[PDB]
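Chains as they are written, first to last, in the working numbering: chain A, 45 to 452; chain B, 7 to 194; chain C, -4 to 43.
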């Protein structure tokens, strides 16, 4: 008995984390900001506003010593620049330490892929430098490293530090027809059973987080959940196993924006009227031993309520949204038998399909305008409970061998 | 309450084996929905159960077989060109891999297939096939239309499942062959 | 004869498209741009 095959909803894998628009933000620590601009000029600025204004500038290839008017932090400034490379773009880091302070150029980096990377760590700003295909990194010590913003005026990505092995190669290279009898005649009769049943089951969810800063998730999906227990019926102790799965779920997604600090749920599934919940039940009882060749199946099962649990999203900053509310009542949508035939043995399953009907209260997510939706979330379907239960009658009509027969 | 009653008397049954030559045919379906906005963001490009009916001569017997093809265990991929309204985005599409399988449900009308109930055991020996991926354009209001190309997956025989839905008097049967996948060149 | 329940999934009502970031582009005809500022000053600019 037991294991069916109804799995789904797997996902792999954001590699660049998506293009982010030109904005001013404060990326985290131990994470590399990767710049791959499309037009020359200013690319990124870093400002602490008391003693540190850094500005990285991209000079086109085959540009000689000349002065240009670049708007650095909202004000025009005459910056002198030169590049000996006829084909390779040149990154220069113009820095000052006062509001009216002097601009001083550091670097350069002559690189064909037009890729640059920066990060903050332990009181310094590390950046890429050197030459291709022999690129390396350098650093500049800076006080108050943890409060400096990094404002980009061009598209960029964010890559974790632990994937430095991928960051380096990124910077380097970029992205007849007959009937045969087998046995003689046999002897079987029909036996009708009436028993009682108490199916105990539980939900399980699969939580896969999107790689990046930590503000956005990738997948919060359902997953089949198994359960074992031991219960009494008419004085006999039976050790019953259950396995709950689902189908026909509806995929909701939230997007606060493309900024790396905006909360995004690329997908999370919910059960509604257009869904079902299957409960595969099996035990080692003698009734189930006999129940192989079955003619009819019926059962008078009661209804069960299932509520949504609270899920706290661990954001770096801000008040954590909490998905709360939601609940659905169930009713047995008949029971199906399945028989999977393997090379050497056969496997069975008795799946009680349960249809769904929404009830009160609705679920919501505070501080977020997407509110007052229906359904039971996949974030925490168990609502902190160890199991749900549905109990009732079981009425079976099966085909079994016969004894004390052949006459009246 | 626990009791044991009888509904019918004794009877006689015979364990009889049937070997038949089967030629299954099937097809796939696509359900491509365009999301709100300009027309550069797609919400879903996903499979759909593909029903197909056909008639074929099996050892001179005309047999009308009805099949329904689907895939299970697939993985969810996506693509992004940017959050700008003119950038090509596909939020979630599905793709079959080695971790997945292909389930072809079916039934037909010949006596041998009308008699496959109370099966004790069974097995099928088939060969492998190939399914390649075709072309499809993405209609954009303004700009060259992206088009897809490449990809191919070979199927190899697997087990069978016989599903019987009972609602309280009746039997509702269907057969279902399974196929394991090996992704084969060309890529997509 | 009837097939069993096949595995499926359906998206439903992604009505709120966006939010997008400040940027420049040529919006197409037959499409309302609905702007929602948060501070005073300029909101949208346009030039031929």
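Using N, Cα and C, we set each Cβ at its ideal position, and we do this for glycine too.
Beta-bridge pairing of residue i - partner residues as DSSP gives them
{"i": "residue 32 of chain A", "result": "This structure gives no information on residue 32 of chain A, because the portion of chain A shown stretches from 45 to 452."}
{"i": "residue 212 of chain A", "result": "Per DSSP, none; premise fails for residue 212 of chain A."}
{"i": "residue 170 of chain B", "result": "A/381, B/179"}
{"i": "residue 421 of chain A", "result": "A/314"}
{"i": "residue 121 of chain B", "result": "According to DSSP, which records beta bridges pairwise, residue 121 of chain B is partnered with nothing at all."}
{"i": "residue 9 of chain B", "result": "A/238"}
{"i": "residue 400 of chain A", "result": "A/374"}
{"i": "residue 50 of chain B", "result": "B/39"}
{"i": "residue 85 of chain A", "result": "A/102"}
{"i": "residue 90 of chain A", "result": "A/98, A/194"}
{"i": "residue 6 of chain C", "result": "A/295"}
{"i": "residue 204 of chain A", "result": "A/75"}
{"i": "residue 281 of chain A", "result": "A/276"}
{"i": "residue 308 of chain A", "result": "A/260, A/299"}
{"i": "residue 202 of chain B", "result": "A query on residue 202 of chain B cannot be resolved here, the shown segment of chain B reaching from 7 to 194 and no further."}
{"i": "residue 16 of chain A", "result": "Any answer about residue 16 of chain A is impossible in this case: the structure gives chain A only from 45 up to 452."}
{"i": "residue 340 of chain A", "result": "A/441"}
{"i": "residue 229 of chain A", "result": "B/20"}
Extent of the continuous beta strand (DSSP E) to which residue i belongs
{"i": "residue 104 of chain B", "result": "Residue 104 of chain B -> no beta strand (DSSP E), and no H or E assigned at all."}
{"i": "residue 239 of chain A", "result": "233 to 245"}
{"i": "residue 197 of chain A", "result": "Looking at the DSSP string, residue 197 of chain A is not in any beta strand (DSSP E), and its letter there is neither H nor E."}
{"i": "residue 153 of chain A", "result": "148 to 155"}
{"i": "residue 97 of chain A", "result": "97 to 103"}
{"i": "residue 144 of chain B", "result": "Careful: residue 144 of chain B lies outside any beta strand (DSSP E) and carries neither H nor E."}
{"i": "residue 272 of chain A", "result": "269 to 277"}
{"i": "residue 414 of chain A", "result": "That residue, residue 414 of chain A, is in no beta strand (DSSP E); it is neither H nor E in DSSP."}
{"i": "residue 161 of chain A", "result": "160 to 165"}
{"i": "residue 368 of chain A", "result": "366 to 369"}
{"i": "residue 351 of chain A", "result": "349 to 351"}
{"i": "residue 182 of chain A", "result": "178 to 185"}
{"i": "residue 134 of chain A", "result": "133 to 140"}
{"i": "residue 407 of chain A", "result": "407 to 409"}
Test item: CB-CB of residue i and residue j under 8 Å
{"i": "residue 112 of chain B", "j": "residue 337 of chain A", "result": "no"}
{"i": "residue 222 of chain A", "j": "residue 25 of chain B", "result": "yes"}
{"i": "residue 316 of chain A", "j": "residue 418 of chain A", "result": "yes"}
{"i": "residue 106 of chain B", "j": "residue 136 of chain B", "result": "no"}
{"i": "residue 62 of chain B", "j": "residue 69 of chain B", "result": "yes"}
{"i": "residue 122 of chain B", "j": "residue 141 of chain B", "result": "no"}
{"i": "residue 163 of chain A", "j": "residue 69 of chain A", "result": "no"}
{"i": "residue 129 of chain A", "j": "residue 140 of chain A", "result": "no"}
{"i": "residue 6 of chain C", "j": "residue 295 of chain A", "result": "yes"}
{"i": "residue 85 of chain A", "j": "residue 114 of chain A", "result": "yes"}
{"i": "residue 189 of chain A", "j": "residue 167 of chain A", "result": "yes"}
{"i": "residue 285 of chain A", "j": "residue 327 of chain A", "result": "yes"}
{"i": "residue 44 of chain B", "j": "residue 192 of chain B", "result": "no"}
{"i": "residue 135 of chain A", "j": "residue 118 of chain A", "result": "no"}
{"i": "residue 425 of chain A", "j": "residue 249 of chain A", "result": "yes"}
{"i": "residue 131 of chain A", "j": "residue 109 of chain A", "result": "no"}
{"i": "residue 120 of chain A", "j": "residue 111 of chain A", "result": "no"}
{"i": "residue 177 of chain A", "j": "residue 127 of chain A", "result": "no"}
{"i": "residue 2 of chain C", "j": "residue 91 of chain A", "result": "no"}
{"i": "residue -2 of chain C", "j": "residue 180 of chain B", "result": "yes"}
{"i": "residue 145 of chain B", "j": "residue 190 of chain B", "result": "no"}
{"i": "residue 170 of chain B", "j": "residue 381 of chain A", "result": "yes"}
{"i": "residue 422 of chain A", "j": "residue 266 of chain A", "result": "yes"}
{"i": "residue 232 of chain A", "j": "residue 444 of chain A", "result": "yes"}
Supposed contact pair residue j and residue i - C-beta distance, whole angstroms, cut 8 Å
{"i": "residue 308 of chain A", "j": "residue 246 of chain A", "result": "With a Cβ gap of about 29 Å, residue 308 of chain A and residue 246 of chain A do not count as contacting."}
{"i": "residue 398 of chain A", "j": "residue 323 of chain A", "result": "6 Å"}
{"i": "residue 99 of chain B", "j": "residue 51 of chain B", "result": "4 Å"}
{"i": "residue 116 of chain A", "j": "residue 99 of chain A", "result": "5 Å"}
{"i": "residue 49 of chain B", "j": "residue 97 of chain B", "result": "5 Å"}
{"i": "residue 197 of chain A", "j": "residue 87 of chain A", "result": "6 Å"}
{"i": "residue 194 of chain B", "j": "residue 139 of chain B", "result": "6 Å"}
Span of the alpha helix (DSSP H), counted from its first residue to its last, around residue i
{"i": "residue 173 of chain A", "result": "Per DSSP, residue 173 of chain A belongs to no alpha helix (DSSP H); it is in the beta strand (DSSP E), 168 to 175."}
{"i": "residue 437 of chain A", "result": "Careful: residue 437 of chain A lies outside any alpha helix (DSSP H), inside the beta strand (DSSP E) at 432 to 444."}
I want to know whether the segment 164 to 174 of chain B touches the segment 10 to 25 of chain B - three or more CB-CB distances under 8 Å.
Three or more beta-carbon pairs separated by less than 8 Å are not found between the segment 164 to 174 of chain B and the segment 10 to 25 of chain B, which leaves the two stretches without contact.
Contact the segment 165 to 182 of chain B vs the segment 81 to 99 of chain B: 3+ CB pairs below 8 Å:
No, the segment 165 to 182 of chain B does not touch the segment 81 to 99 of chain B.
Check whether the segment 62 to 76 of chain A and the segment 203 to 217 of chain A are in contact - that is, three or more C-beta pairs closer than 8 Å.
yes
Can at least three beta-carbon pairs, one atom from the segment 151 to 160 of chain A and one from the segment 168 to 178 of chain A, be found at a separation below 8 Å?
With the rule of 3 Cβ pairs closer than 8 Å, the segment 151 to 160 of chain A counts as touching the segment 168 to 178 of chain A.
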